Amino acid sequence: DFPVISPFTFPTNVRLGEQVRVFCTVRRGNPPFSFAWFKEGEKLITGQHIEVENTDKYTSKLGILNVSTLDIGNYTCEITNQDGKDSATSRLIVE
């Protein structure tokens, strides 16, 4: 079965300095999965103000603390298992 991400969206009224957490979760498909987050095209990993964390076998969290205008942009989660891949995106707008 080909894996499929449940669409995600950032909150709609994000202001400077808030924390933002979004979740990339698999609705169809069997683990184990790889989860990868990208901002535009660069791979994101835990560090600075960012957290990228597997929450359960079906889910990856992206957390962004003390959000700034520099955090505005398109964020993509890619999930991959032995049977295929899927990708979901959403745009973070601040202030």
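One rule holds for the numbers: they count along the sequence shown, beginning at 1.
- Just going by the entry, 74-82 versus 5-13 on mean CA temperature factor gives the higher value to 5-13.
- Taking the PDB entry as given, 28-36 carries the higher mean Cα B factor of the two stretches 61-69 and 28-36.
- Ranked against the other modelled residues of its chain, the C-alpha B-factor of residue 92 as given in the entry falls in the lowest third.
- Among the modelled residues of the chain, residue 53 sits in the middle third by CA temperature factor in this PDB entry.
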